[PDB]
Amino acid sequence: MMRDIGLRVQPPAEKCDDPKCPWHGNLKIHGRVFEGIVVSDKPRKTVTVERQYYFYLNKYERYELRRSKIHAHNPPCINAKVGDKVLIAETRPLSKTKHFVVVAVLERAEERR
Amino acid sequence: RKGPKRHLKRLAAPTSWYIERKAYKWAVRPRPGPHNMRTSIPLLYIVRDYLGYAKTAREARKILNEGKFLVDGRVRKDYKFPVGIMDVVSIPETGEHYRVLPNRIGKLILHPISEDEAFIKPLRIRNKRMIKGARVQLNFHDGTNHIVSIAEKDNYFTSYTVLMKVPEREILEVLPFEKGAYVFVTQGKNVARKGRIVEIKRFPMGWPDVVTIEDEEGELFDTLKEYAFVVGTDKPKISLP
Amino acid sequence: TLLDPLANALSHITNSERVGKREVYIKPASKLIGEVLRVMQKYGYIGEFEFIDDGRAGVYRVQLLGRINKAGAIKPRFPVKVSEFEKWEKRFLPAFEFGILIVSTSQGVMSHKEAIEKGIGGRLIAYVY
Amino acid sequence: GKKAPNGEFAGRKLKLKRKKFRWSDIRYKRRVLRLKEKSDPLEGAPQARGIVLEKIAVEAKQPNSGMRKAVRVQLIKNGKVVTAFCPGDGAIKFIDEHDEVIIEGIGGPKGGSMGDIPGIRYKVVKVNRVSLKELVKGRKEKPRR
Amino acid sequence: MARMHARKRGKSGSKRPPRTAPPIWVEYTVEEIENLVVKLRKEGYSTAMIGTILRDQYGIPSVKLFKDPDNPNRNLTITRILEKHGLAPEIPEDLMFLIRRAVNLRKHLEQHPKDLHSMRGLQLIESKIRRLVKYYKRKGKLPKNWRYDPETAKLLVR
Amino acid sequence: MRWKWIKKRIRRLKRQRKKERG
Amino acid sequence: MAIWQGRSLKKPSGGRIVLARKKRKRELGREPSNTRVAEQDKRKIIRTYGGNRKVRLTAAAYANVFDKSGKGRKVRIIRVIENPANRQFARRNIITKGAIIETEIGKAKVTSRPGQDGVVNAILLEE
RNA sequence: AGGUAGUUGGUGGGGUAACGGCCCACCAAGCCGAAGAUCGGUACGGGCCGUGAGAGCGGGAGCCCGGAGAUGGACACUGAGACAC
RNA sequence: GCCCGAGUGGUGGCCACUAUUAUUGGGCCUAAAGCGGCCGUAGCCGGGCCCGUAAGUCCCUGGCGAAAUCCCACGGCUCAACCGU
RNA sequence: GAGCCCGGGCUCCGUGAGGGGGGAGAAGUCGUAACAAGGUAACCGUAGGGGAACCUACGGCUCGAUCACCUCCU
């Protein structure tokens, strides 16, 4: 249920996660880590985080705005909300498009754009 | 190509062996054995190219069936034998010893030292794991596996210095790696340096786990615990003397 | 509105120069311009300035020696490595002698020549020669 | 602002601009689609053999009049009707009807027939796999069938 | 200086006193000033006109300079004097005057609809409101749930 | 000129658009 | 038999993805099975491509039980009642990794895959 | 210019060497799109290559590296490995 | 008589010339080209002054981007191409 | 679980009476449209009409006309 996850981060306040969380079963935390922002909460235990990065163009010497959606599984111990940064773990597949699980949430009432 | 790659080309032959690159259209390909393929050196090469004892491979192979070379204090005859790194290789018909040491550059070179150092072979073991019958075992990435350490760790995680009595197949004089000990660097672009470890303080999250070291010169080297290899408290000679 | 207030300072300063007035007045004022005139004075290009901070705005009255030929800001303000400097060296400046490609830096603000002697770089801010 | 956005993140606009405005070079557009390659028969090629359907002579252009020697040849795989300009003085002679005639272009593939000739895109080199400039000189080889 | 917006015409050059600390030949206490303000907001006058009458009668050009320092978080001035008392309209006067006017237009158009020009300023005043709304939401004088419309303008005024 | 052309273009268009409509 | 992968369906963006290869042997699959309740045990051994023989149960006759101490048995079972997946399955007595069955004393919950492992034992449900 | 119905996700299960809508039973209505999706054309991809003061533009030839194919199209055994020039 | 020389020329393609695709480095009164005018969404772009973070950004170290081709040295083949270090 | 087939729909390749236009050839004919105020200034958007160039209406514009007549401006 509630064990240290590492990365130098603390695990959620509550626990009761289903076996598709790295506190149960055989799906486990591993690897690299990101950060991004919740677009939507509409699917069940499922949450879209879309990241922003910049890329360079050598020809014009300038940057561009690109935006990569990444699908994130939210553990029922914590609820994601629109318009706040969320922290993502690199895990084996839940599904066709879900390869990520949400690990530690920093929540916020604020919204821009 | 949907089977196994069972040829290698010269142009496809890695330049960490210092092979000749355009000699022919095909290079000698290591079979599996003791240690990693783009970290090893073929027996063929040491014979034909390194030490000139052969003109044709019909030479070399005869040379390896009769016994001009033992690998690991043990006889061979496969003329596709990957000779390990930090390795003991012996000529018994002259009494020569070479270490398979990396140079500064990153090509594999043989460094000749006396017969006395040819009984010892420092192992730092690649992993350490429990087995059934309530034992653990000592690994290496030249493969060599040992049993026994009188229940539980009693020493260190894996960063070991072992004394292997190599003709005897035996493990002797275990010694940790500590914050005033020596290390030889076997992997990394800092290879061929032997130094005195400053500390073992680490940022372990994900794959990197950091270890620094400063040498006689004072060149700060950050290698993985694994790229780090415990030469000990100084016994065998440095590469490039 | 304005943007690039610096630039609208500089550009005056030069068009000021090209006429051959005596001194300048720059109605909008700042750190950027303040600092840049500071570094500019430090190399010597300009004489003395006083800014008066009115409750409205800083204003800079600047003294013109005659030295300046051309001194301009950079448009998207590109980031420039310390290896890429030489390229941006050959382009903008008039020759190896001058060396105020004023960049902004980790150390503070510098010219081009004061940047190179330290050894540090970044996004471009403006030029002067 | 002389056109362009300048700004760190804008570039994409730049990136699409160019491309949008590239397609005003006829030549570029044409190649990048492959209109050069589709229209003016050949299927793109350096040259093409074809059977001489007949021999025809046409008139010259505006300040000019003189009977140019032109063939009608049919490209064989192309299967297309090509009227064609024949180099040399006497020539029309050495070409028998129903010998093979290899055909090329002449003076930029653009379409441009040379100044005199109206239509003719193309050139002839050969009669029965021996050329016309070889048949203007008497010695070199002389024709068959 | 200028901005020719919905115009080509350079704006008035009206300019502030370059005084940064206040006249002392003029004299009022933090207490006296506060009374004057409260009395005027009690009349039905509004903060610009409150600052106007105080200027013309009591000789204080802007309140900020005279008042602060008396709690040097920021400058103390009319409506920041009002909010501490609870006399402040939760809608900023800016946005209020705007919307106020707007509702009057509509009634004209109601009866008179053949009006280009009068139609065209409806379009020109809304779109200043829109803006003034948009940013306030994010600053926070007006909740994010709101959105602007001509029935939600006729409800705020009444 | 452009008088010409506009009505020529229009007549072409109509007549042909008549032929398409029919 | 079942082909897949599994790169040959559609993109998660409603693109059609087309297969740009054929079958790979390693990446083929077998069909589901019906493990029946019976008095007899019908087993077969089948050789995987990892080179390991794994048992498929095509029938079984004994499961048998576990507490919270864990004292196993091999005794008679009777009809499968309640299968999670589909109630159709609970008619034709298809054993599953999460099936529920009537045992000799108490109902018991299946807790093993008999289509790769070849095992049937259960743990008692407490009311 | 709107597309999407195993289609996106959830629960439980099968199958597989193995994760996975890979497949399937039940439940939910998502998922993707003007930061250009989908559809249509064209095209093996990379190391490099040609050219050009540079920036750039065009190009995938031997050779090396990785993938795909074996008259078109499907199909299993036998073997660690093939669905097998 | 001039060029070049076991080559030299013809057709075709690509790049240069072509700052005729404008980043470097183009224009748009009358030469091609300003939308008949406005609004504001998406976007880009933003007055001054203080503090936090250090995401961009710069600096240093460290893991790493196969060989080949390229560039430079030395060495080898009569020479170079080519190869070796 | 392929190829194979069958009925229908949709699309694409080889090819066809007939039909549209272009850059032309400039020795036939009609006219004088524009370019000079082109001999009714010219163009312009819109609408009708005429074999054609084009004419006319209404609105615009000067890239507009030649003195004359009147009015302003360094």
# chains A, B, ... in the order shown; residues from 1 in each chain; ligands from 1
call {"tool": "interface_residues", "arguments": {"of": "chain C", "to": "chain I", "cutoff": "8 Å", "atoms": "only C-alpha atoms (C1' of nucleotides)", "output": "JSON, numbers by chain"}}
result
{"C": [2, 3, 4, 5, 28, 29, 30, 57, 79, 81, 105, 106, 120, 121, 122, 123]}
call {"tool": "write_last_selection", "arguments": {"atoms": "N, CA, C and O atoms", "output": "short mmCIF file (atom, residue, chain, number, x, y, z; two decimals), in the first residue's frame"}}
result
data_model
loop_
_atom_site.label_atom_id
_atom_site.label_comp_id
_atom_site.auth_asym_id
_atom_site.auth_seq_id
_atom_site.Cartn_x
_atom_site.Cartn_y
_atom_site.Cartn_z
N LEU C 2 5.01 50.57 -26.96
CA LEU C 2 6.39 50.20 -27.10
C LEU C 2 6.61 48.76 -26.73
O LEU C 2 5.87 48.17 -25.95
N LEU C 3 7.65 48.22 -27.33
CA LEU C 3 8.44 47.14 -26.76
C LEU C 3 9.89 47.38 -27.19
O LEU C 3 10.15 48.24 -28.04
N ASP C 4 10.83 46.65 -26.57
CA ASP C 4 12.26 46.80 -26.86
C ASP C 4 12.66 48.29 -26.48
O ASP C 4 13.16 49.02 -27.32
N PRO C 5 12.41 48.76 -25.22
CA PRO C 5 12.57 50.16 -24.88
C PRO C 5 13.99 50.55 -25.05
O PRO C 5 14.28 51.61 -25.58
N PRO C 28 11.77 57.26 -22.19
CA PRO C 28 11.65 56.03 -21.43
C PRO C 28 13.03 55.63 -20.90
O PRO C 28 13.99 55.77 -21.63
N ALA C 29 13.12 55.17 -19.66
CA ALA C 29 14.40 54.71 -19.11
C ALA C 29 14.32 53.60 -18.06
O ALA C 29 13.26 53.34 -17.49
N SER C 30 15.47 53.00 -17.77
CA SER C 30 15.54 51.62 -17.29
C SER C 30 16.90 51.17 -16.76
O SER C 30 17.90 51.87 -16.82
N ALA C 57 8.89 58.85 -15.00
CA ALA C 57 9.83 57.94 -15.66
C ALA C 57 11.27 58.33 -15.36
O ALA C 57 11.53 59.47 -15.00
N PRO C 79 20.12 33.33 -28.40
CA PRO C 79 21.11 32.66 -27.56
C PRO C 79 22.31 32.36 -28.40
O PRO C 79 22.17 31.89 -29.52
N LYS C 81 26.04 30.41 -28.00
CA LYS C 81 27.16 29.61 -27.40
C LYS C 81 28.46 30.45 -27.44
O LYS C 81 28.53 31.44 -28.17
N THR C 105 24.91 38.07 -19.71
CA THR C 105 25.69 36.91 -19.25
C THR C 105 25.45 36.49 -17.79
O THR C 105 24.82 37.22 -17.02
N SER C 106 25.97 35.32 -17.45
CA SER C 106 25.94 34.74 -16.09
C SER C 106 26.66 35.63 -15.06
O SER C 106 26.23 35.78 -13.92
N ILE C 120 32.37 32.98 -21.01
CA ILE C 120 30.98 32.75 -20.59
C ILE C 120 30.11 33.40 -21.67
O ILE C 120 30.55 34.36 -22.30
N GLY C 121 28.89 32.89 -21.90
CA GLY C 121 28.02 33.52 -22.90
C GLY C 121 26.54 33.43 -22.67
O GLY C 121 26.10 33.16 -21.54
N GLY C 122 25.77 33.63 -23.75
CA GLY C 122 24.31 33.57 -23.71
C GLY C 122 23.58 34.29 -24.84
O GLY C 122 24.14 34.53 -25.92
N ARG C 123 22.32 34.62 -24.57
CA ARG C 123 21.50 35.36 -25.48
C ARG C 123 22.04 36.72 -25.69
O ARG C 123 22.47 37.41 -24.76
#
call {"tool": "interface_residues", "arguments": {"of": "chain G", "to": "chain H", "cutoff": "10 Å", "atoms": "only C-alpha atoms (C1' of nucleotides)", "output": "PyMOL selection string"}}
result
chain G and resi 1-7+9-16+20-33+48-52+83-89+96-99+113+115-116
call {"tool": "select_by_dssp", "arguments": {"residues": "chain C", "states": "alpha helix (DSSP H)", "output": "NGL selection string"}}
result
:C and (5-19 or 31-43 or 85-92 or 113-118)
call {"tool": "closest_atom_pairs", "arguments": {"of": "chain A", "to": "chain G", "cutoff": "12 Å", "atoms": "only C-alpha atoms", "output": "Markdown table"}}
result
| residue | atom | partner | partner_atom | distance |
| --- | --- | --- | --- | --- |
| A:69 | CA | G:13 | CA | 11.9 |
| A:71 | CA | G:12 | CA | 11.4 |
| A:95 | CA | G:12 | CA | 11.1 |
| A:96 | CA | G:12 | CA | 7.9 |
| A:97 | CA | G:12 | CA | 7.2 |
| A:98 | CA | G:12 | CA | 10.8 |
call {"tool": "closest_residue", "arguments": {"among": "A:86, A:102, A:65, A:7", "to": "chain I", "atoms": "only C-alpha atoms (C1' of nucleotides)"}}
result
A:65
call {"tool": "interface_residues", "arguments": {"of": "chain H", "to": "chain A", "cutoff": "7 Å", "atoms": "only C-alpha atoms (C1' of nucleotides)", "output": "number ranges by chain"}}
result
H: 9-10, 19-20, 30, 35
call {"tool": "write_last_selection", "arguments": {"atoms": "C-alpha atoms (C1' of nucleotides)", "output": "PDB file, in the first residue's frame"}}
result
ATOM      1  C1'   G H   9     -10.809   3.764 -20.883  1.00  0.00           C
ATOM      2  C1'   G H  10     -12.414   0.592 -16.596  1.00  0.00           C
ATOM      3  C1'   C H  19       3.084  -6.560 -21.309  1.00  0.00           C
ATOM      4  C1'   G H  20      -0.722  -4.951 -23.747  1.00  0.00           C
ATOM      5  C1'   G H  30     -14.474   8.346 -24.237  1.00  0.00           C
ATOM      6  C1'   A H  35       0.536  23.469 -32.462  1.00  0.00           C
TER       7        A H  35
END
call {"tool": "interface_residues", "arguments": {"of": "chain C", "to": "chain A", "cutoff": "10 Å", "atoms": "only C-alpha atoms", "output": "list in words"}}
result
residues 76, 77, 78 and 79 of chain C
call {"tool": "interface_residues", "arguments": {"of": "chain C", "to": "chain H", "cutoff": "12 Å", "atoms": "only C-alpha atoms (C1' of nucleotides)", "output": "ChimeraX atom specification"}}
result
/C:87,90-91
call {"tool": "select_by_dssp", "arguments": {"residues": "chain D", "states": "strand (DSSP E)", "output": "number ranges by chain"}}
result
D: 48-58, 68-75, 81-85, 100-105, 122-124, 126-127, 130-131
call {"tool": "closest_atom_pairs", "arguments": {"of": "chain I", "to": "chain E", "cutoff": "9 Å", "atoms": "only C-alpha atoms (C1' of nucleotides)", "output": "tab-separated table"}}
result
residue	atom	partner	partner_atom	distance
I:38	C1'	E:6	CA	8.8
I:39	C1'	E:127	CA	8.0
I:40	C1'	E:127	CA	7.7
call {"tool": "interface_residues", "arguments": {"of": "chain A", "to": "chain B", "cutoff": "8 Å", "atoms": "only C-alpha atoms", "output": "VMD selection string"}}
result
chain A and resid 6 to 7 30 to 32
call {"tool": "closest_atom_pairs", "arguments": {"of": "chain D", "to": "chain H", "cutoff": "10 Å", "atoms": "only C-alpha atoms (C1' of nucleotides)", "output": "tab-separated table"}}
result
residue	atom	partner	partner_atom	distance
D:12	CA	H:35	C1'	8.9
D:32	CA	H:42	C1'	9.5
D:33	CA	H:42	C1'	8.6
D:34	CA	H:42	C1'	9.9
call {"tool": "decode", "arguments": {"residues": "range 3-21 of chain F", "atoms": "N, CA and C atoms", "output": "short mmCIF file (atom, residue, chain, number, x, y, z; two decimals), in the first residue's frame"}}
result
data_model
loop_
_atom_site.label_atom_id
_atom_site.label_comp_id
_atom_site.auth_asym_id
_atom_site.auth_seq_id
_atom_site.Cartn_x
_atom_site.Cartn_y
_atom_site.Cartn_z
N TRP F 3 -13.45 46.18 -70.20
CA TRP F 3 -14.86 46.09 -70.62
C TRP F 3 -15.06 44.91 -71.48
N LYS F 4 -14.24 44.89 -72.53
CA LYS F 4 -14.31 43.88 -73.58
C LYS F 4 -14.33 42.59 -72.87
N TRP F 5 -13.25 42.41 -72.12
CA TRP F 5 -12.83 41.12 -71.71
C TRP F 5 -13.86 40.64 -70.74
N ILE F 6 -14.33 41.53 -69.87
CA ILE F 6 -15.27 41.12 -68.84
C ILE F 6 -16.55 40.56 -69.44
N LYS F 7 -17.04 41.19 -70.49
CA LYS F 7 -18.22 40.71 -71.17
C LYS F 7 -17.96 39.54 -72.06
N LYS F 8 -16.78 39.48 -72.65
CA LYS F 8 -16.40 38.29 -73.39
C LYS F 8 -16.34 37.11 -72.43
N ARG F 9 -15.74 37.33 -71.26
CA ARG F 9 -15.56 36.29 -70.26
C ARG F 9 -16.93 35.89 -69.76
N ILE F 10 -17.75 36.88 -69.45
CA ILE F 10 -19.13 36.65 -69.06
C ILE F 10 -19.95 35.88 -70.13
N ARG F 11 -19.85 36.28 -71.40
CA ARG F 11 -20.57 35.62 -72.49
C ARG F 11 -20.10 34.20 -72.67
N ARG F 12 -18.78 34.01 -72.69
CA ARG F 12 -18.17 32.67 -72.70
C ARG F 12 -18.75 31.86 -71.55
N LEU F 13 -18.72 32.44 -70.35
CA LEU F 13 -19.19 31.78 -69.14
C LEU F 13 -20.64 31.41 -69.31
N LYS F 14 -21.50 32.40 -69.54
CA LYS F 14 -22.92 32.14 -69.73
C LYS F 14 -23.21 31.10 -70.78
N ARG F 15 -22.78 31.36 -72.01
CA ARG F 15 -23.03 30.47 -73.15
C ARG F 15 -22.59 29.07 -72.80
N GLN F 16 -21.36 28.95 -72.30
CA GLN F 16 -20.86 27.65 -71.86
C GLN F 16 -21.65 27.14 -70.66
N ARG F 17 -21.98 28.03 -69.73
CA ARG F 17 -22.72 27.62 -68.54
C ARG F 17 -24.14 27.28 -68.93
N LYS F 18 -24.64 27.92 -69.98
CA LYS F 18 -25.86 27.48 -70.63
C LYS F 18 -25.68 26.06 -71.18
N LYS F 19 -24.58 25.81 -71.89
CA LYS F 19 -24.30 24.45 -72.42
C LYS F 19 -24.11 23.36 -71.34
N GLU F 20 -23.70 23.77 -70.13
CA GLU F 20 -23.56 22.86 -68.95
C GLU F 20 -24.87 22.63 -68.23
N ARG F 21 -25.56 23.74 -67.97
CA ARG F 21 -26.93 23.75 -67.46
C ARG F 21 -27.83 22.93 -68.39
#
